[PDB]
>>> print(open('my_file19.txt').read())   # compact mmCIF, C-alpha atoms and all ligand atoms
# COMPACT_ATOMS: atom_id res chain seq x y z
CA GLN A 1 -8.99 -110.03 -157.79
CA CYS A 2 -11.67 -112.42 -156.54
CA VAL A 3 -12.29 -114.71 -153.57
CA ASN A 4 -13.92 -118.12 -153.99
CA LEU A 5 -16.84 -118.73 -151.62
CA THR A 6 -16.70 -122.47 -150.92
CA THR A 7 -18.74 -122.18 -147.70
CA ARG A 8 -22.06 -122.12 -149.57
CA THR A 9 -24.24 -125.15 -148.78
CA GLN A 10 -25.89 -126.79 -151.79
CA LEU A 11 -29.70 -126.93 -151.52
CA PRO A 12 -32.49 -126.67 -154.13
CA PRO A 13 -34.52 -123.46 -153.83
CA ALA A 14 -38.15 -123.45 -152.75
CA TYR A 15 -41.10 -122.32 -154.86
CA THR A 16 -43.70 -119.65 -154.12
CA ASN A 17 -46.67 -118.03 -155.88
CA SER A 18 -47.15 -114.98 -158.12
CA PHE A 19 -50.71 -113.87 -157.27
CA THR A 20 -50.64 -110.20 -158.35
CA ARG A 21 -47.07 -109.56 -159.51
CA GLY A 22 -45.36 -108.97 -162.84
CA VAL A 23 -47.58 -106.11 -164.03
CA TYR A 24 -45.99 -102.97 -165.48
CA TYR A 25 -46.84 -100.00 -167.67
CA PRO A 26 -47.09 -101.04 -171.35
CA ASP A 27 -45.75 -97.90 -173.03
CA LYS A 28 -45.26 -94.15 -172.52
CA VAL A 29 -48.85 -93.23 -173.45
CA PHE A 30 -51.07 -91.62 -170.82
CA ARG A 31 -54.37 -93.40 -170.17
CA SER A 32 -57.19 -92.11 -167.97
CA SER A 33 -60.51 -93.87 -167.24
CA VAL A 34 -60.09 -96.25 -170.20
CA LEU A 35 -60.03 -100.06 -170.23
CA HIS A 36 -57.15 -100.58 -172.65
CA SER A 37 -56.13 -104.08 -173.75
CA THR A 38 -52.85 -104.98 -175.44
CA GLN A 39 -50.50 -107.90 -176.07
CA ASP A 40 -47.17 -107.77 -174.23
CA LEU A 41 -44.73 -109.92 -172.26
CA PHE A 42 -46.57 -110.29 -168.95
CA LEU A 43 -46.16 -112.64 -165.99
CA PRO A 44 -49.27 -114.83 -165.60
CA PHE A 45 -51.30 -114.44 -162.44
CA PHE A 46 -51.19 -117.23 -159.83
CA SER A 47 -48.18 -118.75 -161.60
CA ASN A 48 -45.33 -120.82 -160.19
CA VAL A 49 -42.16 -118.87 -159.34
CA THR A 50 -38.94 -119.81 -157.56
CA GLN B 1 -44.66 -90.61 -170.68
CA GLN B 2 -44.77 -88.31 -173.70
CA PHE B 3 -48.19 -88.90 -175.28
CA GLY B 4 -51.73 -89.66 -174.15
CA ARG B 5 -55.03 -91.06 -175.34
CA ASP B 6 -58.67 -90.57 -174.38
CA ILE B 7 -61.61 -93.00 -174.31
CA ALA B 8 -62.15 -92.38 -178.05
CA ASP B 9 -58.54 -93.34 -178.97
CA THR B 10 -57.50 -89.80 -179.92
CA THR B 11 -54.25 -88.02 -179.03
CA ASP B 12 -55.86 -85.50 -176.69
CA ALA B 13 -52.73 -85.12 -174.54
CA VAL B 14 -49.11 -84.31 -175.38
CA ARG B 15 -45.92 -83.39 -173.52
CA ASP B 16 -43.60 -80.53 -174.48
CA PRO B 17 -40.24 -82.06 -175.51
CA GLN B 18 -38.27 -79.08 -174.15
CA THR B 19 -39.63 -78.62 -170.60
CA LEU B 20 -41.93 -80.25 -168.05
CA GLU B 21 -45.11 -78.83 -169.57
CA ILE B 22 -48.24 -80.87 -170.32
CA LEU B 23 -51.05 -79.66 -172.58
CA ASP B 24 -54.58 -80.86 -173.35
CA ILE B 25 -57.38 -80.19 -175.86
CA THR B 26 -60.30 -77.74 -175.55
CA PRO B 27 -61.77 -76.61 -178.88
CA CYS B 28 -61.59 -73.03 -180.12
CA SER B 29 -64.93 -73.18 -181.97
CA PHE B 30 -67.29 -75.52 -183.83
CA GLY B 31 -70.37 -75.34 -186.02
CA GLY B 32 -73.05 -77.40 -187.72
CA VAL B 33 -74.75 -75.49 -190.52
CA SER B 34 -78.39 -76.07 -191.46
CA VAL B 35 -80.61 -73.76 -193.51
CA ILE B 36 -84.36 -73.41 -192.96
CA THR B 37 -86.37 -71.77 -195.75
CA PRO B 38 -89.86 -72.00 -197.28
CA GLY B 39 -90.58 -72.90 -200.89
CA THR B 40 -89.36 -70.79 -203.79
CA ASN B 41 -92.93 -70.14 -204.95
CA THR B 42 -93.89 -68.86 -201.49
CA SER B 43 -90.99 -66.54 -200.61
CA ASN B 44 -87.20 -66.27 -200.65
CA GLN B 45 -86.18 -65.47 -197.05
CA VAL B 46 -83.61 -67.83 -195.53
CA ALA B 47 -82.21 -68.53 -192.07
CA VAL B 48 -79.10 -70.44 -190.99
CA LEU B 49 -79.03 -72.57 -187.83
CA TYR B 50 -75.72 -73.42 -186.14
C1 LIG A 101 -43.59 -125.18 -158.60
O1 LIG A 101 -42.93 -126.28 -159.25
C2 LIG A 101 -42.13 -127.09 -158.38
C3 LIG A 101 -41.46 -128.13 -159.24
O2 LIG A 101 -42.20 -128.38 -160.43
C4 LIG A 101 -43.01 -127.69 -157.28
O3 LIG A 101 -42.19 -128.43 -156.38
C5 LIG A 101 -43.75 -126.59 -156.53
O4 LIG A 101 -44.65 -127.16 -155.60
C6 LIG A 101 -44.52 -125.70 -157.51
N1 LIG A 101 -45.17 -124.61 -156.80
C7 LIG A 101 -46.47 -124.31 -156.95
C8 LIG A 101 -46.97 -123.15 -156.15
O5 LIG A 101 -47.20 -124.95 -157.71
>>> encode(input="my_file19.txt", output="structure tokens")
Amino acid sequence: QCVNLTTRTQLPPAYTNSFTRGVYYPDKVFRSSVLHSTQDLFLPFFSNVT
Amino acid sequence: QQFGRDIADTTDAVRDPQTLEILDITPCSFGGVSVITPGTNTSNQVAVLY
């Protein structure tokens, strides 16, 4: 049970910026007033996104 | 979150795994012993500094 959507117009998407996005909490460890640094999968700042 | 760390990288915070209760660290007691005494030829009285 599905309907084919053939009314979609083909067009390449535009590109925007990623100034201060992609950050998230590293783990489930509470941190207060500490400058903790770690290696993790993180979106680069000011990067190209679609 | 279940655990926590301080500025000295010590597990000073923990979460109870049975209810929404959070606990921290505040020491029961402490002590640094140091004994002040004169020479054995002079006398034998001693005193302890904490
Ligand atoms: C991202 O890349 C596309 C294609 O490489 C380009 O057209 C677009 O201008 C880029 N955007 C930025 C913000 O650099």
>>> residues_near_ligand(input="my_file19.txt", ligand="ligand LIG 101 (chain A)", cutoff="9 Å", atoms="all atoms listed in the file", output="VMD selection string")
chain A and resid 14 to 18 46 to 50
>>> write_last_selection(input="my_file19.txt", atoms="C-alpha atoms", output="PDB file, in the frame of the given file")
ATOM      1  CA  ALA A  14     -38.150-123.450-152.750  1.00  0.00           C
ATOM      2  CA  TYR A  15     -41.100-122.320-154.860  1.00  0.00           C
ATOM      3  CA  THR A  16     -43.700-119.650-154.120  1.00  0.00           C
ATOM      4  CA  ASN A  17     -46.670-118.030-155.880  1.00  0.00           C
ATOM      5  CA  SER A  18     -47.150-114.980-158.120  1.00  0.00           C
ATOM      6  CA  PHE A  46     -51.190-117.230-159.830  1.00  0.00           C
ATOM      7  CA  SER A  47     -48.180-118.750-161.600  1.00  0.00           C
ATOM      8  CA  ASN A  48     -45.330-120.820-160.190  1.00  0.00           C
ATOM      9  CA  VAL A  49     -42.160-118.870-159.340  1.00  0.00           C
ATOM     10  CA  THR A  50     -38.940-119.810-157.560  1.00  0.00           C
TER      11      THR A  50
END
>>> interface_residues(input="my_file19.txt", of="chain B", to="chain A", cutoff="10 Å", atoms="only C-alpha atoms", output="list in words")
residues 1, 2, 3, 4, 5, 6, 7, 8, 9, 11, 12, 13 and 14 of chain B
>>> atom_distance(input="my_file19.txt", atom1="atom CA of residue A:38", atom2="atom CA of residue A:21")
17.6 Å
>>> atom_distance(input="my_file19.txt", atom1="atom CA of residue A:43", atom2="atom CA of residue A:11")
26.2 Å
>>> atom_distance(input="my_file19.txt", atom1="atom CA of residue B:15", atom2="atom CA of residue A:22")
27.7 Å
>>> axis_aligned_box(input="my_file19.txt", around="stretch 11-28 of chain A", padding_each_side="5 Å", output="lines of an AutoDock Vina configuration file")
center_x = -40.2
center_y = -110.5
center_z = -162.3
size_x = 31.0
size_y = 42.8
size_z = 31.5
>>> residues_around(input="my_file19.txt", residues="stretch 27-39 of chain B", least_positions_apart="6", cutoff="9 Å", atoms="all atoms listed in the file", output="PyMOL selection string")
chain B and resi 45-50
>>> build_atoms(input="my_file19.txt", residues="stretch 11-41 of chain A", atoms="N, CA and C atoms", output="short mmCIF file (atom, residue, chain, number, x, y, z; two decimals), keeping the file's coordinate frame")
data_model
loop_
_atom_site.label_atom_id
_atom_site.label_comp_id
_atom_site.auth_asym_id
_atom_site.auth_seq_id
_atom_site.Cartn_x
_atom_site.Cartn_y
_atom_site.Cartn_z
N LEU A 11 -28.31 -126.59 -151.84
CA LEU A 11 -29.70 -126.93 -151.52
C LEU A 11 -30.62 -126.38 -152.60
N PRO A 12 -31.55 -127.17 -153.11
CA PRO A 12 -32.49 -126.67 -154.13
C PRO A 12 -33.39 -125.59 -153.55
N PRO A 13 -33.66 -124.54 -154.32
CA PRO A 13 -34.52 -123.46 -153.83
C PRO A 13 -35.98 -123.88 -153.76
N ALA A 14 -36.72 -123.21 -152.88
CA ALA A 14 -38.15 -123.45 -152.75
C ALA A 14 -38.92 -122.66 -153.80
N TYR A 15 -40.22 -122.94 -153.88
CA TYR A 15 -41.10 -122.32 -154.86
C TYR A 15 -42.25 -121.61 -154.16
N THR A 16 -42.59 -120.42 -154.66
CA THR A 16 -43.70 -119.65 -154.12
C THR A 16 -44.67 -119.27 -155.23
N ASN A 17 -45.63 -118.40 -154.93
CA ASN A 17 -46.67 -118.03 -155.88
C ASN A 17 -46.48 -116.60 -156.37
N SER A 18 -47.25 -116.25 -157.40
CA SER A 18 -47.15 -114.98 -158.12
C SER A 18 -48.54 -114.39 -158.33
N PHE A 19 -49.30 -114.25 -157.23
CA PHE A 19 -50.71 -113.87 -157.27
C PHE A 19 -50.96 -112.62 -158.11
N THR A 20 -50.38 -111.49 -157.71
CA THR A 20 -50.64 -110.20 -158.35
C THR A 20 -49.34 -109.45 -158.61
N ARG A 21 -48.37 -110.14 -159.19
CA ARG A 21 -47.07 -109.56 -159.51
C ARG A 21 -46.81 -109.66 -161.01
N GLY A 22 -45.78 -108.95 -161.45
CA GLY A 22 -45.36 -108.97 -162.84
C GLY A 22 -45.99 -107.93 -163.73
N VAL A 23 -46.92 -107.13 -163.22
CA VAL A 23 -47.58 -106.11 -164.03
C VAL A 23 -46.69 -104.87 -164.12
N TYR A 24 -46.76 -104.19 -165.26
CA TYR A 24 -45.99 -102.97 -165.48
C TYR A 24 -46.69 -102.15 -166.56
N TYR A 25 -46.26 -100.89 -166.67
CA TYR A 25 -46.84 -100.00 -167.67
C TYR A 25 -46.45 -100.45 -169.07
N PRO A 26 -47.40 -100.53 -170.01
CA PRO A 26 -47.09 -101.04 -171.35
C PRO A 26 -46.17 -100.13 -172.15
N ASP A 27 -46.51 -98.85 -172.23
CA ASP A 27 -45.75 -97.90 -173.03
C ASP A 27 -45.76 -96.55 -172.32
N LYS A 28 -45.33 -95.51 -173.04
CA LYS A 28 -45.26 -94.15 -172.52
C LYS A 28 -46.45 -93.30 -172.94
N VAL A 29 -47.63 -93.91 -173.04
CA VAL A 29 -48.85 -93.23 -173.45
C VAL A 29 -49.76 -93.10 -172.24
N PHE A 30 -50.18 -91.87 -171.95
CA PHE A 30 -51.07 -91.62 -170.82
C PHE A 30 -52.46 -92.19 -171.10
N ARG A 31 -53.03 -92.83 -170.08
CA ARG A 31 -54.37 -93.40 -170.17
C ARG A 31 -55.14 -93.04 -168.91
N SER A 32 -56.36 -92.54 -169.09
CA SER A 32 -57.19 -92.11 -167.97
C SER A 32 -58.62 -92.59 -168.19
N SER A 33 -59.13 -93.39 -167.24
CA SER A 33 -60.51 -93.87 -167.24
C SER A 33 -60.85 -94.63 -168.53
N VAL A 34 -59.91 -95.44 -169.00
CA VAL A 34 -60.09 -96.25 -170.20
C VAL A 34 -59.61 -97.66 -169.92
N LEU A 35 -60.37 -98.65 -170.41
CA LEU A 35 -60.03 -100.06 -170.23
C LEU A 35 -59.29 -100.53 -171.48
N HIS A 36 -57.99 -100.26 -171.51
CA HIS A 36 -57.15 -100.58 -172.65
C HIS A 36 -56.61 -102.00 -172.54
N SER A 37 -56.64 -102.72 -173.66
CA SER A 37 -56.13 -104.08 -173.75
C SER A 37 -55.05 -104.15 -174.82
N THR A 38 -53.97 -104.86 -174.52
CA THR A 38 -52.85 -104.98 -175.44
C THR A 38 -52.11 -106.28 -175.18
N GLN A 39 -51.30 -106.68 -176.15
CA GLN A 39 -50.50 -107.90 -176.07
C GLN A 39 -49.06 -107.52 -175.74
N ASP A 40 -48.52 -108.08 -174.66
CA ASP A 40 -47.17 -107.77 -174.23
C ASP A 40 -46.67 -108.90 -173.34
N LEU A 41 -45.36 -108.93 -173.14
CA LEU A 41 -44.73 -109.92 -172.26
C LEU A 41 -45.16 -109.65 -170.83
#
